[PDB]
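Chemist: Can you read through this structure? Questions will come right after.
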Amino acid sequence: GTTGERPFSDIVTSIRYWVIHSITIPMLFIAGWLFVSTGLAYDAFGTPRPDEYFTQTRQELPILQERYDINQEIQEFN
Amino acid sequence: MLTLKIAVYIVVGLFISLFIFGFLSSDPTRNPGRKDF
Amino acid sequence: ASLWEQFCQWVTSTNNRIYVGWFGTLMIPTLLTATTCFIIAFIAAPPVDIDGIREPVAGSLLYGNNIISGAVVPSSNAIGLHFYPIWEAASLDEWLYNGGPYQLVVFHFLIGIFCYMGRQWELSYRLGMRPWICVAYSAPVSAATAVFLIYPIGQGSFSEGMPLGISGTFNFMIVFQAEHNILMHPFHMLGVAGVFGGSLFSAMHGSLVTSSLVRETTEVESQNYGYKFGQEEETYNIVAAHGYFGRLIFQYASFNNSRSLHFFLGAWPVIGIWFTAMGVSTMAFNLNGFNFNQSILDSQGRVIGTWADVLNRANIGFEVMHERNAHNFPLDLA
Amino acid sequence: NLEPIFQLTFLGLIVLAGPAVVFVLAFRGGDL
Amino acid sequence: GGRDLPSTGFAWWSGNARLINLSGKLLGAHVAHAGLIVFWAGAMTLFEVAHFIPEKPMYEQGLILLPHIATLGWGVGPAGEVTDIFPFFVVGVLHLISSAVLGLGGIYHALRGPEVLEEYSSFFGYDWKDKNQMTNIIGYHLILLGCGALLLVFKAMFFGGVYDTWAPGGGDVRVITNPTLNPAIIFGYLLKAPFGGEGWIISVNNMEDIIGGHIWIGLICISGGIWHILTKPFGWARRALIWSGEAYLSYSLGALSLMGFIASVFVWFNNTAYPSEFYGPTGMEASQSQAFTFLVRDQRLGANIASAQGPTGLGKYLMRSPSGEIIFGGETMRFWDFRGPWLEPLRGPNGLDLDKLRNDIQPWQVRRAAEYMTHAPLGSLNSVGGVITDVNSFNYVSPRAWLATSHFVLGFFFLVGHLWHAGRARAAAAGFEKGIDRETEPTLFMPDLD
Amino acid sequence: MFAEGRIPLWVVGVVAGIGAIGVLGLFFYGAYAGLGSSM
Amino acid sequence: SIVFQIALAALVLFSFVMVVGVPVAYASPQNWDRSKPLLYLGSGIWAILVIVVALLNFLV
Amino acid sequence: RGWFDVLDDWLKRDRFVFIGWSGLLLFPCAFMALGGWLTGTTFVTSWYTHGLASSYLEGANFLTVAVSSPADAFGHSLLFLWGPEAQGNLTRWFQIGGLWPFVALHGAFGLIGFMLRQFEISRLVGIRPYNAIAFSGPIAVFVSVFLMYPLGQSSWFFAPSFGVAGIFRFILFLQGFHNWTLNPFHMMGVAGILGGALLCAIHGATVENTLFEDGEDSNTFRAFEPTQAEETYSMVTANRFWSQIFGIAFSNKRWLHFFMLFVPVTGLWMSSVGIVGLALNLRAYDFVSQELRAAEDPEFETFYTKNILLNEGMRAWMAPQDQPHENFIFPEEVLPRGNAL
Amino acid sequence: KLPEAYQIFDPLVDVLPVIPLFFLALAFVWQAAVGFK
Ligand code: CLA
Ligand code: CLA
Ligand code: CLA
Ligand code: CLA
Ligand SMILES: CCCCCCCCCCCCCCCC(=O)OC[C@H](COP(=O)(O)OC[C@@H](O)CO)OC(=O)CCCCCCCCCCCCCCC
Ligand SMILES: CC1=C(/C=C/C(C)=C/C=C/C(C)=C/C=C/C=C(C)/C=C/C=C(C)/C=C/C2=C(C)CCCC2(C)C)C(C)(C)CCC1
Ligand SMILES: CC1=C(/C=C/C(C)=C/C=C/C(C)=C/C=C/C=C(C)/C=C/C=C(C)/C=C/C2=C(C)CCCC2(C)C)C(C)(C)CCC1
Ligand SMILES: CC1=C(/C=C/C(C)=C/C=C/C(C)=C/C=C/C=C(C)/C=C/C=C(C)/C=C/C2=C(C)CCCC2(C)C)C(C)(C)CCC1
Ligand SMILES: CC1=C(/C=C/C(C)=C\C=C/C(C)=C/C=C/C=C(C)/C=C/C=C(C)\C=C\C2=C(C)CCCC2(C)C)C(C)(C)CCC1
Ligand SMILES: CCCCCCCCCCCCO[C@@H]1O[C@H](CO)[C@@H](O[C@H]2O[C@H](CO)[C@@H](O)[C@H](O)[C@H]2O)[C@H](O)[C@H]1O
Ligand SMILES: CCCCCCCCCCCCO[C@@H]1O[C@H](CO)[C@@H](O[C@H]2O[C@H](CO)[C@@H](O)[C@H](O)[C@H]2O)[C@H](O)[C@H]1O
């Protein structure tokens, strides 16, 4: 029945497991929190913040139309 | 129209009376298990 | 001994080739009536003024329809929820014009399928079976009652019930989406989960049982001849099927008890279809699917579209063109 | 505002109240 | 008392089935659940009061219990304006405290009382096979149900009355002094067709009819209670029915399914016992209001609303019903059986009267029609008002929509419960609820079908 | 908690389920506040 | 004013003590001779608190 | 011991997660596809490809997020991260919708790896590979819908977006532009899927209600053991029941289960053939006899012609927003609409 | 709104309706503690 690995019900009912995870799982939570709250996700993925959907010189949808020079196209779209 | 209405009322009432009187006529005992109740 | 008891024994007989029963004494007349009127109306009914605006819709084969476009058209919006039998019409032609065949077919059909569910219980009781096949059949029954009865009641007209045809069903679905946003309703999503998962699990069950068949035939004949009707023994290796499926995903995701597996196979699409029947039955009262239209705004306040906004553009295009001549006021209140 | 603070504190007390009962009856040996 | 599956044969997900033959614990489960019902009533009323703007309509604020209290004539005046916040709070406080009492009692019987009541008293001890004791309990519950119906009658007749939406001068809390004791009217409400224009009992249109029916219901229930206490079940009833706890549960499930369906239709269609000042307009009311609103607007623009023909050839504002009554035009032709206190002033003997429409429309009827048309029971699951193509700025779903949808779903799932328990009761009384016996499999002794 | 070196698994389950309910409730709260709330 | 608020806070706190204590005392039978009188007393105390809250509701 | 056979030993161990030779294709590709979808629906916009917000970062919910299709300007460019569009820039690659071919390609190769895993585990366990043959249906659906439909169309833009409301958009788009309900290949798909759901429900209910009394508990689930030889339910009783209820019944267990396989797989294959037709705009859009009549006779109305009008209205009201690269300016007076709405 | 003297415990009133789901889920908590017997 057991393929060789420690059973999960044994693992998650241990003191040492929860000593390691009481730290790892919340601190991964705060790592995702600081990814969003420091604003790094916007710069990493190119997602507009709520005030860069439209700029003062572009009020329409910035639909890409270039096929190869899209970097300059996104730049002049801002 | 009145004749069709009377005929349909009679047919529907006869089938509904059949249904009711059949389920009143010891339908629990019409089973292959224990028919005492 | 008595004539009535002899009739009761014939009615409840398990030796009838088609079981009748007391539910069958209501099922057979209603279903035969609905079948005969549906066939006659689908072939040769004259056009029906479904919207109650003197704009009759040709539904039958003799009036220019094919099989796909043919329908028994729902009764007139002028009738509404009013009971419209033949004897309430001044003539048969008036009855046909106002959509009386739809009311006749739908009412006898709904009684017949409720009696089919009762008859399924009845025969399970006479055969010494467990009784809950009728519970599984109550999910298609609830869906049929939702689209033929409950949605007309909530909308206030039998003209809003699903038409008895293929293209009429498509018309019902498209108008449903434009008005209730059924795709965004989670009960319809649960229904899609029910039918997609039911087909998935049907394919899984069938493929695992066919995969683990015990060798009882040569390579020439069909493998189905490895099973004899009424054999005591199992025709397939469930332990082999479980070993395969608990290595395909992992060990504890696979059923080993066949009874739990078959209860799951019954319960999943039945619960999904129950939920989608209740979704249609609750959009009868205009509790509609999610409205996320203009949910995202920028910091100035301008609307940033999502896929729900494009879906709403499609819904508007479906709505402004539906029943094009029936609306006189700015809002489609029902 | 302090209204979500009080709301979540009342919610926290009531969500802990049940498992506290079950946990006390498990720990002290209740007829569970 | 078995509390595990080896000692009962019921798994944990069927674990309350272990309570079938344990009467005192079963009484405790009931009382504890009753306490849950009264707890929700009290706590939800306190929530609704705490989330109540009384100068705002109740149907605008997602309230379902305050309309019920206001329909009884508590804290309200003419046209449903809330004069006093306190009676709603009192009803909430009373349910919440009685629920504390009921929860203590349910937990006592479920966790410390006699597990079986038949070894303590012959009055509360019940065996499911004992037809006389179960009919006695029917009789007790019937007597108290008749007393509750008479309590509603006492409230409407001797304790300040109820809200009459049809009252002259507008709807108000009025005392019903002449309830209809006529059995013809009361029981011909039962013989009316459950279809358009007749509506069975959903079409009860006046507070006098409701109160007279509740006097009749109280008399019928008290007489039937004394009946089941004084009589044993007759031979036809004993030969037709299954006599077991699961059977009685399934009978009650079928009745509950019926009652949930009827309540959904009742809150959807009736505006007398569910007044539109509290529950909002019905779907029919809002559609007729839209037609009336645009009739009034186009008449103010000089349009001849009688002679105006629409694009289809029917009248744009006024048309004929299939029996010839003068009704509003457009899709609302389907809602021509709608009756409301804002519209009955403009109805003549033949339908909507032209003279009254020409020179008897009051500004309050215009205001009421605009409000009802813009509060039609149409809304997204996330509570976005209007048609589903509307954008997100109107936070509204009608209480009629919520109540009808909920109680239709509950009625369906309780029909499913009836089927599950009626079938299991028959299978268990017949002895094959656990499966087919291999030695005595019944199909194996039957002739072949062909 | 009632054992030697061990936590009851139902305590672990109730803690994990409370956390899952909490993050689901937070995600449903964010439907009515901040971005995507239509206000 | 604040005296009624103190009474209501005492009522909700004693309800918290009762909702902790009632199922524990009804599922601890070996402590029943300890649990039964206090529970009796507790019920009486709870009832008195309800009444005095009502009285202060018509005194405030 | 050769290194290949030693690696074959290690890959096909009996562990918690079986790897196999197929796992080297399945697990990195499925992980890439799933992580790409979760990454796109959490962080990546569709603002420059669609003019839409489609991530949780922008405030969309689980229904309204998608890895949306790339811009129509790219055509059927595979849109590699190192490709001539993105030019190695990960941020530009995210903005131009490169996560869509990333997810779609890795997903397609992961689906290949999964059917290879089905083949490998079926061979190792010693059973027939009918699970892989059944899984041919979903891969046919994925290949026809997410790959050959946009390949037949102008770009990857018109592929379905990997999202809930994006898929709902694709669904409504195919109704309004293709009349996909009217297509008989979709009708066979619908018949197959509803029949598979019917067969699942009916088969489970029949087995659970023809169970043999093989235990003393009301809980019938403990009256089964996997190593038993005899059937847990009565096929004879089930056959007699459905013969008297429905008229016909299954009398062969193996044929029953092959049919439960056959119905939804055949439905998926038939709907895939229809989607292949729709890729080239080869629709069952119209019944020309009824349009010729309706153009000549203004008294002729069917439900088909009403559906045609619905499709026209949807197309005109949706296309400026659904295809913003086209710059469809439809003034309000050209929009088809009925009276008063 | 609530009466003014009862405006101290408005958040508790806000959380009071949901306690039935807490009861329904506590049934599962108790069945987990006793072992789903
Ligand atoms: C309305 C809901 C409801 C009610 C009233 C009951 C009631 C009951 N169930 Mg039950 N049950 C339910 C839902 C409910 N159940 C659900 C949803 C499931 C599926 C998980 C089950 C599965 C189940 C099983 C498997 C069993 C029962 C059993 C029982 C009976 C005794 C319980 C016991 O002895 O152990 C006691 C449990 C505890 C002491 C844990 C503490 C729980 C307490 C009571 C919480 C409530 C206290 C409250 C917070 C205090 C308020 C009081 C006041 C101060 C305000 C009892 C009458 C047993 C039985 O059949 O009896 C022979 C049994 O075997 N049930
Ligand atoms: C449907 C509800 C119900 C039923 C049938 C019972 C039945 C029973 N209880 Mg129980 N109980 C309940 C609810 C119920 N109880 C509630 C809510 C509480 C909390 C207060 C209790 C707390 C309780 C305790 C502590 C005890 C019992 C006991 C008993 C048993 C004997 C009682 C007796 O005959 O003495 C005689 C009966 C009377 C003197 C009748 C007096 C009239 C009542 C009490 C007042 C009227 C009620 C109310 C004001 C009217 C309307 C109700 C309102 C909500 C609308 C009996 C089987 C005893 C036992 O366990 O048996 C050994 C026991 O000691 N019960
Ligand atoms: C909810 C309270 C309640 C309950 C649980 C019962 C329960 C019972 N009663 Mg009782 N009864 C009650 C209230 C109640 N009654 C009241 C309030 C009165 C005063 C009028 C009576 C007067 C009464 C009498 C005279 C008799 C009973 C009898 C019975 C027993 C069998 C009845 C039966 O077989 O049903 C089924 C009924 C039939 C199969 C007959 C056909 C009825 C048709 C099908 C009804 C059509 C309804 C239709 C579908 C719905 C439309 C609504 C409207 C048009 C009617 C049963 C234990 C019988 C008994 O055993 O005596 C002790 C008996 O003879 N009761
Ligand atoms: C008051 C009416 C009533 C009563 C007293 C019973 C009583 C009983 N039923 Mg029944 N049943 C009913 C109505 C009722 N049922 C309805 C309306 C349905 C249709 C859905 C059923 C379908 C049904 C089935 C399929 C079975 C029973 C069974 C049982 C027995 C044990 C069940 C148990 O332990 O609970 C256990 C409770 C749980 C395991 C948890 C249930 C929670 C559900 C699944 C979801 C809750 C949804 C709710 C609205 C809250 C939403 C939460 C969401 C926000 C997350 C028991 C005697 C069993 C039986 O036949 O034994 C004799 C059984 O197999 N019933
Ligand atoms: C308590 C939950 C009950 C809700 C009803 C749904 C379950 C029944 C549906 C089956 C329909 C098909 C009928 C034939 C199928 C058939 O005949 O079933 C047979 C099967 C065998 O049961 P047994 O006879 O061994 O035991 C049941 C009773 O006889 C006594 O326990 O019945 C069950 O398993 C009932 C268990 C339901 C209890 C848990 C199920 C919870 C599922 C729903 C959860 C919510 C879903 C939505 C969430 C998103
Ligand atoms: C048996 C059993 C069970 C059940 C249980 C139950 C069902 C219960 C209950 C219970 C109940 C039913 C309860 C209750 C309560 C209540 C209370 C405790 C109250 C109160 C009060 C107060 C304190 C109030 C206050 C106030 C006022 C005066 C007004 C203002 C506001 C406020 C709120 C502050 C279960 C399932 C778990 C399982 C196990 C066994
Ligand atoms: C309050 C009110 C009112 C009144 C009402 C009344 C007076 C009533 C009643 C009622 C009644 C008085 C009823 C009833 C019922 C009945 C039922 C619901 C039944 C049934 C059935 C059954 C259940 C049966 C079954 C069966 C069969 C079918 C056969 C065989 C045997 C058996 C048993 C199986 C009015 C509207 C005026 C006004 C408003 C309010
Ligand atoms: C894109 C890309 C990539 C990849 C990445 C990856 C592969 C990753 C990932 C990732 C992942 C893999 C993520 C994740 C996630 C997740 C989430 C977001 C979750 C969730 C959830 C939830 C919310 C749930 C809830 C619930 C339900 C509903 C059911 C039951 C209960 C509970 C509460 C549990 C690289 C760098 C290569 C390069 C560039 C491109
Ligand atoms: C009125 C009032 C009150 C009362 C309250 C009450 C009436 C009570 C209660 C209570 C309760 C009633 C609590 C509870 C709870 C709970 C919970 C927290 C639950 C849950 C959970 C979970 C998470 C679960 C999970 C699971 C599942 C479902 C699956 C398997 C198993 C397990 C366990 C893992 C007070 C005193 C505050 C104060 C005054 C006011
Ligand atoms: C066994 C079950 C029962 C079967 C036995 C009963 C048979 C049917 C009896 C009812 C017969 C028809 O009942 C009768 O229908 C006619 C329909 O013309 C109604 O008549 C009503 O409508 C007609 C037109 O539709 C009008 O011209 C008439 O002035 C009006 O009264 C009567 O009001 C009703 O008394
Ligand atoms: C959940 C997954 C997390 C996603 C990963 C997070 C990081 C995303 C990228 C942000 C990093 C910097 O963002 C962008 O990175 C690319 C590499 O792709 C850099 O690009 C640079 O190197 C690449 C590779 O040769 C070439 O295009 C070019 O030489 C130059 O532009 C950009 O100058 C920088 O603007």
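Chemist: Once the cut-off is 16 Å, how many percent of the Cα-Cα pairs in region E:77-156 end up in the long-distance tail?
Modeler: It works out to 74 percent of all Cα pairs.
Chemist: Step through the residues of region H:184-190 one at a time and calculate ³J(HN,Hα) from phi using the Karplus curve (6.51 cos²θ - 1.76 cosθ + 1.60, θ = phi - 60°), rounding each to whole Hz and writing x for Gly and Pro.
Modeler: Running phi through 6.51 cos²θ - 1.76 cosθ + 1.60 with θ = phi - 60° gives x, 5, 6, 4, 5, x, 5 Hz.
Chemist: Can you give me the long-range amide H partners of C:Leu164? Hydrogens built in the peptide plane at 1.01 Å from N, cutoff under 5 Å, separation of 5 or more residues or another chain.
Modeler: C:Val72
Chemist: So, one more: I'd like to compare H:207-215, I:20-28: which one has the highest average count of other Cβ atoms within 10 Å, and what's the full order after that?
Modeler: H:207-215, I:20-28
Chemist: Regarding chain E, what are the three Cα extents along the principal axes, ordered largest first, in Å?
Modeler: Dimensions of chain E along the principal axes of its Cα atoms: 85, 68, 50 Å.
Chemist: Follow-up question, since we're still on this one. Compactness ratio of region E:198-341: Cα Rg over 2.2 N^0.38 Å, N = residue count?
Modeler: In units of the globular-protein estimate, region E:198-341 measures up at 1.60.
Chemist: In which sequence would E:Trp128, G:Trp32 go, from the one with the fewest C-beta neighbours within 10 Å to the one with the most?
Modeler: Fewest-to-most ranking of E:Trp128, G:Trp32: G:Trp32, E:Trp128.
Chemist: Continuing with this model, one more query. Between H:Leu34 and H:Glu312, what's the calculated FRET efficiency when r is the beta-carbon distance and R0 is 60 Å? Round to 0.05.
Modeler: FRET efficiency, H:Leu34 to H:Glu312: 0.95.
Chemist: May I ask you to list, by number, the DSSP H helices of chain E whose Cα span along the axis is at least 27 Å and whose average Kyte-Doolittle hydropathy reaches -1.0 or more?
Modeler: Correct list, ordered by number: E:23-50, E:86-111, E:131-158, E:207-230, E:245-269, E:399-430.
Chemist: May I ask what percent, to the nearest 5, of DSSP beta bridges between residues of the protein assembly as shown are antiparallel?
Modeler: Around 85 percent antiparallel, to the nearest 5.
Chemist: Please give the direction-averaged projected area of the C-alpha convex hull for chain C, in square nanometres with one decimal. Can you show the working numbers first?
Modeler: Values: hull surface 105.7 nm².
Projected over every direction and averaged, the Cα hull of chain C covers 26.4 nm².
Chemist: Per residue and in cubic angstrom, what volume does the convex hull of the Cα atoms of region H:86-236 have?
Modeler: Considering the Cα atoms of region H:86-236, their hull volume per residue is 213 Å³.
Chemist: Suppose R0 equals 35 Å; then what is the FRET efficiency for C:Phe264 and G:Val20 from their Cβ-Cβ distance, rounded to the nearest 0.05?
Modeler: E(calc), rounded to 0.05, equals 0.30.
Chemist: Moving on. Distance cut-off 20 Å, Cα to Cα: go down the list E:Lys131/E:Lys434; E:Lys56/E:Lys356; B:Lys35/E:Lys434; B:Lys5/E:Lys192; B:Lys35/E:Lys232; E:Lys56/I:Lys1 and report the pairs above it.
Modeler: Long pairs (Cα-Cα over 20 Å): E:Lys131/E:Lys434; E:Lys56/E:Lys356; B:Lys35/E:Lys232.
Chemist: Taking the inverse of the average 1/r across all pairs of different Cα atoms in chain G, what Kirkwood radius in Å do you get? Could the numbers behind the result be given before it?
Modeler: Values: mean 1/r = 0.0801 Å⁻¹.
For chain G, inverting the mean 1/r across all distinct Cα pairs yields 12.5 Å.
Chemist: Something else: Please list H:99-109, H:76-86 highest first by mean number of surrounding beta-carbon atoms within 10 Å per residue. Kindly include the intermediate steps, with their values, before the conclusion.
Modeler: Values: H:99-109: 22.5, H:76-86: 17.4.
Most protected by this proxy first, the peptides run H:99-109, H:76-86.
Chemist: Please report how far the C-alpha centroid of region H:113-186 lies from that of region E:151-198, rounded to the nearest whole angstrom.
Modeler: 61
Chemist: Check C:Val57: other-chain or 5+ apart residues with amide H under 5 Å from its amide H, H built from backbone geometry?
Modeler: C:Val48, C:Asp49, C:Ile50
Chemist: Show me the three semi-axes of the equivalent ellipsoid for chain H, from the C-alpha gyration tensor (sqrt of 5 times each eigenvalue), largest first, rounded to whole Å.
Modeler: 42, 34, 18
Chemist: Using only alpha carbon positions, build the gyration tensor of region E:150-218, then give the equivalent ellipsoid semi-axes as the square roots of 5 times its eigenvalues, largest first, whole angstrom.
Modeler: 22, 15, 8
Chemist: Quick check: pseudo-label points 7 Å beyond the Cα along Cα→Cβ at H:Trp21 and E:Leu144, how many nm apart are they?
Modeler: Calculated label separation equals 7.5 nm.
Chemist: Further question on the same structure: Can you run phi through the Karplus equation (6.51, -1.76, 1.60; θ = phi - 60°) for region C:258-264 and list ³J(HN,Hα) in whole Hz, with x for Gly and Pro?
Modeler: The phi angles translate into 5, 6, 5, 4, 6, 5, 5 Hz.
Chemist: What average number of partner chain Cβ atoms lie no more than 10 Å from the Cβ of the residues making up E:255-267?
Modeler: Going residue by residue through E:255-267 and averaging, the value is 1.
Chemist: Restricting things to Cα coordinates, could you compute the convex hull volume per residue of chain A in Å³?
Modeler: Dividing the Cα hull volume of chain A by its residue count gives 199 Å³.
Chemist: I need the calculated FRET efficiency for the pair A:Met27 and I:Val34, taking r as the beta carbon distance and R₀ as 22 Å, to the nearest 0.05.
Modeler: 0.05
Chemist: Within 10 Å of each residue's Cβ, count the other Cβ atoms and sort E:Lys131, E:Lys316, B:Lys35 from fewest upward.
Modeler: Least crowded to most crowded, the residues run B:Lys35, E:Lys131, E:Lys316.
Chemist: Given N residues in region H:63-144, what is its alpha carbon radius of gyration divided by 2.2 N^0.38 Å?
Modeler: Output field value: 1.45.
Chemist: What distance in nm separates the two pseudo spin-label positions at C:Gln9 and I:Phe23, each 7 Å out from Cα along the beta-carbon direction?
Modeler: In this crude label model, C:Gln9 to I:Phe23 measures out at 5.3 nm.
Chemist: Quick query: amide H of H:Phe212 versus all other amide H atoms, modeled in the peptide plane; which residues come in under 5 Å with a sequence gap of 5 or more or a different chain?
Modeler: Distant-sequence amide H within range of H:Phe212: E:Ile436, H:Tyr233, H:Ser234.
Chemist: In whole angstrom, and with the biggest value first, how far do the Cα coordinates of region C:176-334 range along each principal axis?
Modeler: 71, 41, 29
Chemist: Describe numerically, in nm with one decimal, the distance between label points set 7 Å from Cα along Cα→Cβ at H:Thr91 and at E:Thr83.
Modeler: The answer from the label model is 6.9 nm.
Chemist: Could you please rank E:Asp4, E:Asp355, I:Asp14, placing first whichever residue has the fewest other Cβ atoms within 10 Å of its Cβ?
Modeler: On the way: E:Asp4 15, E:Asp355 9, I:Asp14 19.
Fewest-to-most Cβ neighbours within 10 Å comes out as E:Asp355, E:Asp4, I:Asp14.
Chemist: With θ set to phi - 60° and the Karplus curve 6.51 cos²θ - 1.76 cosθ + 1.60, what are the ³J(HN,Hα) couplings of region C:314-320 in order, to the nearest whole Hz, using x for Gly and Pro?
Modeler: Along region C:314-320, the couplings run 4, 5, 5, x, 5, 6, 5 Hz.
Chemist: Give me the three principal axis extents of the protein assembly as shown from the C-alpha atoms, as integers in angstrom, largest value leading.
Modeler: 96, 87, 84
Values quoted throughout were computed directly from the atomic coordinates according to the rules given, and no laboratory measurement underlies them. When we count neighbours, we look across all protein chains shown, and the Cβ atoms used for this are built from the backbone with ideal geometry, even at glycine.
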